[PDB]
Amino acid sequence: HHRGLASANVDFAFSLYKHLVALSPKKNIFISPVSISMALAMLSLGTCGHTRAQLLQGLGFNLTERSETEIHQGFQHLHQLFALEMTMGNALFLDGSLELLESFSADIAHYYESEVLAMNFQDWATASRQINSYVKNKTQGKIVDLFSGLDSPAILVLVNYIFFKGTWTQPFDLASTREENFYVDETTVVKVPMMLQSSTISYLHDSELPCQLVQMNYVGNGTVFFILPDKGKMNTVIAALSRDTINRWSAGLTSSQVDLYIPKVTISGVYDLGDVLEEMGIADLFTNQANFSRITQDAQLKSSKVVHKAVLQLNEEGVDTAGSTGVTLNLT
């Protein structure tokens, strides 16, 4: 099954991004929304009551028009489709002192194909290093140090990872790459390796918004939008981001002769998404009132942390990207 939760996940994606952007004036942002969605959807498998309803709604789902089951099947079909190169996976790291409910184990296996790995969380230093090692392998070395030792303890950790390697259908010219000015703002200018290609490219000078954009494919199914807002107009353009805007852009894009200069990009985001998720309505999950009563029988759990790490390497051949989302739970 292909597109059933596209609308919800992409709404969540844009929303999260907009909230992340408003909480950071001058920094690079890079996130994998699908990883966050999958991580939180899996987590909801252990939730009940107000906790459950609030989380699924914050993830973009209308619970009066689609059941919890339908949502989880959608994430299952997503996972199957992903798992030149794309991989996506889920793991559950568990303390020996925690007996999971069978139906919960059944669900994470059925819908999310989660690995279940029994660790000892009494020594957070070793546990976190082990989990980190796991994420590093699964992302082929791209995501290191997802968890700190600085972090609180945990009794249970849920992890999603994503890795993606795309090859431009239209690579940039290696002989044309050179140092050029990158204007960070009016006053700040840096030197960056700037790629060039001269070719037929999908281009649109937007008449409704202060921006130009191009669209580019990867070999296979991947595609990418590069959007250049006018000087100082970044937040205007960001506010307009929506499925509808992408649809309007997609209708406006025309094959054109373009001298296309795009810098080599190497950026990486590290987020504690707690605050942002609360701004998005997802709140009870982080409190003592959290209902995690589908996970185990006789322990009261809450979420302490939702962490996200993503890395982007962009060059003349394509894109090397990875992402990973961790949720720690401990006894309230």
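The numbering used is simple: start at 1 and walk along the sequence shown.
Unmodelled residues of the deposited sequence between neighbouring positions residue 83 and residue 84 number 4 to 9. When the C-alpha B-factors of 150-158 and 169-177 are averaged, 150-158 comes out higher. When the two stretches 253-261 and 182-190 are set side by side, the higher mean Cα temperature factor goes to 182-190. Reading the B-factor column for the CA atoms of 121, 163, 104, 112 in the entry, the top value corresponds to 121. For the set 35, 62, 291, 303, the maximum C-alpha B-factor listed in the entry falls on 62. In the PDB entry, residue 328 places in the middle third of its chain by CA B-factor. When the CA B factors of the chain's modelled residues are split into thirds, the value for residue 44 lands in the lowest one. In the PDB entry, a CA B factor belonging to the highest third of its chain's modelled residues is recorded for residue 23. Per-chain ranking of the deposited C-alpha B factor places residue 100 in the highest third. The PDB entry assigns residue 233 a C-alpha temperature factor belonging to the middle third of its chain's modelled residues.
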